[PDB]
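Peer 1: upload-v9.pdb is the file, holding PDB, C-alpha atoms:
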MODEL        1
ATOM      1  CA  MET V   1      -7.019  25.474 -64.757  1.00  0.00           C
ATOM      2  CA  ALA V   2      -6.108  24.174 -68.216  1.00  0.00           C
ATOM      3  CA  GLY V   3      -5.869  27.726 -69.555  1.00  0.00           C
ATOM      4  CA  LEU V   4      -3.548  28.682 -66.697  1.00  0.00           C
ATOM      5  CA  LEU V   5      -1.154  25.838 -67.473  1.00  0.00           C
ATOM      6  CA  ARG V   6      -0.886  26.882 -71.137  1.00  0.00           C
ATOM      7  CA  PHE V   7      -0.352  30.547 -70.288  1.00  0.00           C
ATOM      8  CA  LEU V   8       2.456  29.631 -67.898  1.00  0.00           C
ATOM      9  CA  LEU V   9       3.901  27.229 -70.473  1.00  0.00           C
ATOM     10  CA  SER V  10       4.266  30.071 -72.985  1.00  0.00           C
ATOM     11  CA  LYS V  11       6.638  31.919 -70.629  1.00  0.00           C
ATOM     12  CA  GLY V  12       8.686  30.734 -67.643  1.00  0.00           C
ATOM     13  CA  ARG V  13       9.870  27.218 -68.540  1.00  0.00           C
ATOM     14  CA  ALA V  14      11.399  26.737 -65.091  1.00  0.00           C
ATOM     15  CA  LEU V  15       8.059  27.668 -63.555  1.00  0.00           C
ATOM     16  CA  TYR V  16       6.337  25.029 -65.657  1.00  0.00           C
ATOM     17  CA  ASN V  17       8.483  22.380 -63.997  1.00  0.00           C
ATOM     18  CA  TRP V  18       7.748  23.857 -60.577  1.00  0.00           C
ATOM     19  CA  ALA V  19       4.048  23.742 -61.459  1.00  0.00           C
ATOM     20  CA  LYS V  20       4.239  20.040 -60.619  1.00  0.00           C
ATOM     21  CA  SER V  21       3.285  20.644 -56.986  1.00  0.00           C
ATOM     22  CA  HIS V  22       2.679  17.669 -54.685  1.00  0.00           C
ATOM     23  CA  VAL V  23      -0.193  19.564 -53.060  1.00  0.00           C
ATOM     24  CA  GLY V  24      -3.639  20.163 -54.585  1.00  0.00           C
ATOM     25  CA  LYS V  25      -4.461  22.834 -51.990  1.00  0.00           C
ATOM     26  CA  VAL V  26      -2.322  25.326 -53.919  1.00  0.00           C
ATOM     27  CA  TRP V  27      -4.484  24.881 -57.022  1.00  0.00           C
ATOM     28  CA  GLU V  28      -7.673  24.651 -54.953  1.00  0.00           C
ATOM     29  CA  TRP V  29      -7.619  28.430 -54.473  1.00  0.00           C
ATOM     30  CA  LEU V  30      -7.959  28.857 -58.234  1.00  0.00           C
ATOM     31  CA  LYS V  31     -11.101  26.738 -58.205  1.00  0.00           C
ATOM     32  CA  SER V  32     -12.559  28.771 -55.355  1.00  0.00           C
ATOM     33  CA  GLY V  33     -12.214  31.884 -57.517  1.00  0.00           C
ATOM     34  CA  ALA V  34      -8.959  33.753 -58.110  1.00  0.00           C
ATOM     35  CA  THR V  35      -6.987  35.309 -60.974  1.00  0.00           C
ATOM     36  CA  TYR V  36      -3.684  34.094 -62.411  1.00  0.00           C
ATOM     37  CA  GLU V  37      -1.915  37.297 -61.357  1.00  0.00           C
ATOM     38  CA  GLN V  38      -2.825  36.739 -57.697  1.00  0.00           C
ATOM     39  CA  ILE V  39      -1.956  33.041 -57.769  1.00  0.00           C
ATOM     40  CA  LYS V  40       1.332  33.673 -59.556  1.00  0.00           C
ATOM     41  CA  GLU V  41       2.484  36.211 -56.974  1.00  0.00           C
ATOM     42  CA  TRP V  42       1.897  33.769 -54.134  1.00  0.00           C
ATOM     43  CA  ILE V  43       3.725  31.018 -56.017  1.00  0.00           C
ATOM     44  CA  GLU V  44       6.523  33.362 -57.108  1.00  0.00           C
ATOM     45  CA  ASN V  45       7.239  33.989 -53.431  1.00  0.00           C
ATOM     46  CA  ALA V  46       8.341  30.380 -52.981  1.00  0.00           C
ATOM     47  CA  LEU V  47      10.866  30.867 -55.796  1.00  0.00           C
ATOM     48  CA  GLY V  48      11.860  34.164 -54.209  1.00  0.00           C
ATOM     49  CA  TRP V  49      14.592  32.255 -52.378  1.00  0.00           C
ATOM     50  CA  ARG V  50      16.502  31.959 -55.649  1.00  0.00           C
TER      51      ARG V  50
ENDMDL
END
Show how you would write the structure in this file as structure tokens.
Peer 2:
Amino acid sequence: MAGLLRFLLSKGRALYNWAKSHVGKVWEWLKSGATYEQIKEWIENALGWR
């Protein structure tokens, strides 16, 4: 989880701010066992409105 935050921090500053989710369930999936690419796509969808 810590590695994911740093990777995201390197690129996508706006995303970093959005990373501050009020729900732990979103990050729970990572713990269960998933890659950053898969997690990012799901999250990116929420910002797809932009």
Peer 1: Do you know which residues are at most 8 Å from segment 14-17 of chain V counting all atoms listed in the file, after dropping those on the same chain fewer than 4 positions away, and could you put them as a tab-separated table (two decimals) with C-alpha atoms, in the coordinates of the input?
Peer 2:
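Heads up, here's the output in selection.tsv:
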chain	number	residue	atom	x	y	z
V	5	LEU	CA	-1.15	25.84	-67.47
V	8	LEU	CA	2.46	29.63	-67.90
V	9	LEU	CA	3.90	27.23	-70.47
Peer 1: Can you tell me, as an MDAnalysis selection string, what residues are no more than 12 Å from residue 42 of chain V when counting only C-alpha atoms, ignoring any on the same chain fewer than 4 positions away?
Peer 2: chainID V and resid 26:27 29:30 34:38 46:48
Peer 1: Just give me the gap between atom CA of residue 43 of chain V and atom CA of residue 21 of chain V in Å, one decimal is fine.
Peer 2: 10.4 Å
